[PDB]
Every structure is written in structure tokens, then in C-alpha cells.
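Report on one structure; see the data block that follows.
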Amino acid sequence: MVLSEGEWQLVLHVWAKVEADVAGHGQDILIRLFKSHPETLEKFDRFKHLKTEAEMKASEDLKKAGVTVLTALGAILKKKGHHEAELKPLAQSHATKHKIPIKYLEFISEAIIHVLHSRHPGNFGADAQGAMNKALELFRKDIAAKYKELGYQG
Ligand code: HEM
């Protein structure tokens with residue numbers, strides 16, 4: 001997977017919109033993930049018992065998780081694929097400690113796209129959607145390779 005400078009600039013332009021409200025994007029993205037793929041909520045011992053969207057929006061623990069994933073992913077995207085140093089410790093923790101299947105990184109990727117389109121449709125058109133899909137596929141491909149280096153095929 002390879003992105004053009006142009007495709008990287010589309011990614012960073014929409015990420016600028018995420019950064020106008022990091023915590024609120026984090027909430028929307030994790031709630032979409034948990035509503036669309038409930039099994040993923042079981043991975044978060046601090047908030048796996050939340051059953052409603054209102055309880056999810058009121059949760060400090062969920063809000064903090066949302067900021068964690070979006071600050072990390074923003075930093076990775078700003079590397080424009082030169083993200084070996086960021087992905088190594090992410091693969092280590094998500095493969096060996098959190099036990100997150102590659103399939104769940106595919107789910108949260110879909111949740112990111114869904115929220116970007118829901119919140120920013122005047123801006124997140126077909127070119128932005130294509131470029132972001134390419135950037136999240138590169139992320140998936142590279143972290144999947146790291147998982148295999150650690151002895152996890154999925
Ligand atoms: C774009 C995808 C993701 C990124 C960038 C990301 C990033 C992070 C970071 C930076 C941390 C804290 C440092 C660390 O433990 O490595 C973390 C913790 C964690 N992540 Fe993720 N993550 C992602 C996807 C997921 C998914 C899909 C799940 C579960 C379905 C997950 C579960 C967790 C858990 C359980 C922790 C531990 C949280 C805690 O200590 O309270 N992550 N993630």
C-alpha cells in the first residue's frame with residue numbers, strides 16, 4: 001500500500017477537523033464501534049459493563065480511551081507511512097497484552113470512516129474517503145506484519 005503526497009494531504013486536512021474536537025470524535029468513534037460490534041466492548045475492563053449510548057457519553061473512562069486512540073492514530077498518520085517507531089510498541093501491547101484481533105482494528109477503522117462521513121460530509125468526499133481508506137489499510141497491513149513478527153497470525 002502506497003499513498004501519494006496528495007492523498008497524505010487529504011488525510012491530514014480531515015485529521016485537522018478531528019483535532020478541532022478530539023474528545024468528542026473519540027466518543028462518537030468508540031460508541032459506533034461498540035454499537036456495530038458489541039464483542040469489542042469486552043476488551044475494556046474499566047467500562048465493558050456500559051449498556052446505553054447515554055452511559056457511554058457520560059463515561060470518563062471511555063472518553064479517555066477515545067483520546068488515547070485518536071492522539072496515537074493522528075501521530076501515526078502525520079508520519080505519512082514512516083511509522084515503524086510508533087507501530088512497534090502498539091503491536092507489542094495490542095497483540096500480547098490487550099489481545100486485540102486484527103479484525104477489531106478493521107472494525108475501529110470502519111467506525112473512524114463512519115464518524116468522519118457523519119460529522120464532515122461537506123469536506124469528507126470521495127477523494128478524502130479513498131485516501132483515508134488507503135491510510136488505514138497501510139496501518140492494518142503494517143501492524144498485521146508486526147503481529148506476525150511477535151507470533152500472532154491474526
Ligand atoms: C487505530 C487503532 C488503535 C490505536 C491507534 C490504539 C492505540 C492505543 C494506545 C496508544 C494505547 C495505550 C498504550 C498501549 O497500551 O499501547 C491503547 C491501549 C489499549 N487499546 Fe488500543 N488502539 C487501537 C485499537 C484498539 C482496539 C480496536 C481495541 C479493542 C477493541 C483496543 C484496545 C485497547 C486496550 C484494552 C488498551 C488498554 C487500555 C487501558 O490501559 O486502559 N485498541 N491503544
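One-based numbering along the sequence shown. Start at 1 and go down the list; that is how both ligands and their atoms are numbered. The basis for the numbers below is simple: all heavy atoms, side chains too, and nothing from hydrogens, waters or symmetry mates.
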Using a 3.5 Å cut-off and no angle test, enumerate the donor-acceptor pairs between side-chain atoms of residues 99-109 and protein atoms at least two apart in sequence or in another chain.
{"from": "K99", "atom 1": "NZ", "to": "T96", "atom 2": "O", "distance (Å)": "3.4"}
{"from": "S109", "atom 1": "OG", "to": "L105", "atom 2": "O", "distance (Å)": "3.0"}

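- Near ligand 1, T40, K43, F44, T68, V69, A72, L90, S93, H94, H98, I100, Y104, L105, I108, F139 each place a heavy atom less than 4.0 angstrom from the ligand.
- Sequence neighbours left out, the pairs with a member in residues 116-136 that pass ring-ring contact (aromatic ring centres under 6.0 Å, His included) are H25-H120.
- The number of heavy-atom neighbours closer than 6.0 Å to NZ of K79, taken from other residues, nucleotides and ligands shown, is above 12.
- The backbone N or O of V2 lies less than 3.5 Å from a partner atom in the side chain of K134, making a donor-acceptor pair.
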Sequence neighbours left out, cut at 3.5 Å: what donor-acceptor pairs do the side chains of residues 9-19 make with other protein atoms?
{"from": "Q9", "atom 1": "NE2", "to": "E5", "atom 2": "OE2", "distance (Å)": "2.6"}
{"from": "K17", "atom 1": "NZ", "to": "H13", "atom 2": "O", "distance (Å)": "3.0"}
{"from": "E19", "atom 1": "OE2", "to": "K78", "atom 2": "NZ", "distance (Å)": "2.6"}

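- Salt bridge absent: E137 and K141 never bring a charged side-chain N and a carboxylate O closer than 4.0 Å.
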